[PDB]
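Same protein, same chain, two forms; see structure 1 and structure 2 below, as structure tokens.
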Structure 1
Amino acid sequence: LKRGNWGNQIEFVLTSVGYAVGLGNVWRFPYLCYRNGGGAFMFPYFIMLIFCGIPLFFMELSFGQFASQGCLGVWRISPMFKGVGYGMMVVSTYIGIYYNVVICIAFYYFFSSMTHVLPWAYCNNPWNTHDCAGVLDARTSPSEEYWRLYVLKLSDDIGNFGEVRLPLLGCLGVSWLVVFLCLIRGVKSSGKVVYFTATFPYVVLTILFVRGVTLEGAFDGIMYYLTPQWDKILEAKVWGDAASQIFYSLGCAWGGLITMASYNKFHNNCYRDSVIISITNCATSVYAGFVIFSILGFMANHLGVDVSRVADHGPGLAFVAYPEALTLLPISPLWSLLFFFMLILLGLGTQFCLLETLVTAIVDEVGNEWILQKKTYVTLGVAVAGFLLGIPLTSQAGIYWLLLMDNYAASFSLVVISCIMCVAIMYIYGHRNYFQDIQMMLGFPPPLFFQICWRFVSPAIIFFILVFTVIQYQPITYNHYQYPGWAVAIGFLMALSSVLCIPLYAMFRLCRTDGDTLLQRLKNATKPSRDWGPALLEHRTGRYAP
């Protein structure tokens, strides 16, 4: 009755843009483009986005908006399959715990960059070794030694915690305080903040791109980026890497979209917004690639090498590679400040949803007016429980546990959840009723291109992603470190804490549904319950209730 709505469509579009666009469009996409084809990777990138990225986004947005419920209350089409919803909250917990620990290396670097001389420029600090060979000395760069010997003192084993790094506990406190203070009212509070932490990164990117373009030696760094190698598109690996990147980057099956769309009005165009956001998210990765590769080309020119020795994948690029290249520009503590501010803003627009997704559930599932008057207390209850649970990741052996949670927990549990949820709404509920349900909202039948892509093509692409992820599984390794057996076992058990919630809840539900034959018990608890439909009595007309 008092759930509330957004108020402006611009708020919803900006919030979704800031939630989908995260840190995966800055360090992941450029390296993939450089490695897998060059300028010929965009053909598999933009062909597997039309047939796999837009249909899934549209289906999730239309599913969330119809029944004005979060990621846990929309499963009234088949109450037995509610284990999928509980699978969307476990994974969103993991991505809500280790994401704030990445915010130290953006906050700590930002706070340590307010100096007239960058601390990682010259190799004369007492924490250095004999291999300080760099470029700015008046092979080991003096940004890697700072990264692994002063910011975090890396140990020699995953189970070798030595002490908690207090400067990192400081960021975690500050960051959780900011996250809680920015969600003090929810929709009426975050909706007015996304006007800032969704657009400033574009200004920062434009400034950095201009500086890179006018910089000498940059045109040789953009040629390697987008020169076509058409041979690569003839392989199956390139078509298997352009399907996983689209699926993961769009933010599919973490919840969020189903809980953002739950606040929209009933008669809202879910087709225009499903295309605008999808195109905007995929049009930022190219710009980020340009920005990164211009300065990388300048760096390679300065050290007089081909651009193959100065390319890094993840945290080794944003903290070991890019900062080591910004130190050659005239006014470095300003470009570094802007870059780390952009990283902080990019990583902070996603954490808002990962806290509001878990609050909306716990609020609506219980069901009361007492749980609505004290939503801020609930929001504080989850923030202080994500700070105590993220302390072990700030110790000496923090990087080891950081990479084991992003490669096992939220790696293939997401693909399984989406595949099952596709089957649940298409062939169990019925693909002939969902089309009429969507037509009731949009006002026109879905385009024919979307009916053939929702029943045959997209599930096939999901199956292809699932199969390709199994044939190309290798044990996780960090640099030359080899993870022991117990770490792999812990990671596998972590990955089994989300996809194992579907069979258990199904058994629990069918162990209490009154029936005679198991086929009849399966027949029940799989039909829409008598609460499926619009939440307002003014919209219920025709097929759904008198």
Structure 2
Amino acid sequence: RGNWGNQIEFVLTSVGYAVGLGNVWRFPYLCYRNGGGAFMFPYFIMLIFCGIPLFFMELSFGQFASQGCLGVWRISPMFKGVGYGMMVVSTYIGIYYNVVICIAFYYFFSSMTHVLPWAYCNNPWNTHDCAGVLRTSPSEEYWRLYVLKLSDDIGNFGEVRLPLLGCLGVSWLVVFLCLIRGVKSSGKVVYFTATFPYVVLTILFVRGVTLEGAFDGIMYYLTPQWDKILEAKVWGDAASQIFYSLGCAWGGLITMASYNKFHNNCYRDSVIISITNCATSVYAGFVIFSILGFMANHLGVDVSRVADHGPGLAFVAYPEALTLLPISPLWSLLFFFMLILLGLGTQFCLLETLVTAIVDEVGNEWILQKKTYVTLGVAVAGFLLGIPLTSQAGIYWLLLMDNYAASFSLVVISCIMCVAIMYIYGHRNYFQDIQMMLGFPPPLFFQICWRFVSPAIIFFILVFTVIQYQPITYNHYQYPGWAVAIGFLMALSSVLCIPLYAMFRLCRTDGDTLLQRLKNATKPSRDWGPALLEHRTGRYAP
């Protein structure tokens, strides 16, 4: 297969893939729309009781068999729909991740001047409601009336924004060239691309605290509200954010772990990566809410009403902070360069996983010698599918894709995989498999979370989400009926991959009765187990 080589290389490559735009762009606006401090307690509970155990499960699953997201299912051939749904979710995410990266590119290209274009209120696109520190904010007017030229409805396509299309093309070309010339795999300066963001965030942090009114923003960020805790909407949002930030059902974790050595310690790696990834979102939230408190202090409004609940909270808040620093364009350039690097690090692995999965699935040697053409085709398809998101109605489609297609399918897929491993294969067998590599049995906390706690929590969240479903409540953006139907279809497309592949496999399995056919399709194959011959001892002996 090809081992990773050095262990520190794996730890640094996993941190660079886990930390991305979901830490600095997605977390703050979800936290703001979920009433700030009322979102933190479910978030921490979810992280402690569902995220880390499933992260460890995925890493161990990848390491033990030395297979990717589709080859690990020799343990139960009837559950390949899990990997197929993982691939579907990865495609959905990667379609619009590059659109966000291209918006970041556009903001980076506009910082190469002497005076920032979002710093004053006298521009041709400004109105009489403009109000600036040297009502409405100049940054939000720049975001709405100039960068996007937003429409009034999701069904009003309007025209295509040419600069955004150019930025998208540049981003896709950069990704393709870096992938086919091997920038990260056989490359360095992953240390710098892991150290730079914290320096930038620390620089932005000191200025925010000094501001007037930031204390109220911080208090709103930290103070918990106990009234909104009895609602299934906030818990589902917290679970979605936790599973999205760690990449649980993306399929890249298994592929990355497939190159690890047998006796590598995946428990320590999982703990370290989870803590590092989740400690980065809190810093960005601190900075963002300090900026929000300062902004609400001088606009004569409350912290909960200063901004709207759209996805463009970062592109309105961060430029306002960047304005107040001495020599603003340099800091803006550095900040947006850091954002671009954070996005590209995740996009590289996202596309590499799909290409590797396709190449391994096809299986011949002719598809192995034409990997560059496969990568080119995938890149061209992604670029073509991302074009309708650069119109005047693109942010509506992006929001629909974000909070319908890649929110709660990850949790369902992860729970199904955990249940299949624990109750169809047997928990004792998996515990012995883990002890084979680590040398000690998994701690009791992970065992109890794998057998009882996490599946029950996910079941309760899913059950109470449906019962408490209100059309007025679960819309939040006044979308029409057909848009909601499209979002539901996108949500169901990845989940329905499991039951349909189950029937497909059952239609080709020998056995008189259906019960007999259900036992042959769930039995492990003949090649399940350790890859190397020296580790095939005990219950795997020939």
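By rigid core we mean the largest C-alpha set that fits within 1.5 Å across both forms. Start at 1 and count along the sequence of structure 1; that gives the residue numbers used here.
Of the residues listed here (76, 148, 165, 375), only one shifts its CA by 2 angstroms or more between structures 1 and 2 after fitting on the rigid core, and it is 375. Core-superposed comparison between structures 1 and 2: the Cα of residue 520 travels less than 2 Å.
Residue 298: CA moves 2 Å or more between structures 1 and 2 after rigid-core fitting. Relative to the superposed rigid core, the position of the CA of residue 32 differs between structures 1 and 2 by 2 Å or more. After superposing on the rigid core, the C-alpha of residue 474 is displaced by 5.9 Å between structures 1 and 2. Here the rigid core is superposed, and residue 354 then shows its C-alpha moved by 1.1 angstrom between structures 1 and 2. On core superposition, residue 233 has its C-alpha offset by 8.5 angstrom between structures 1 and 2.
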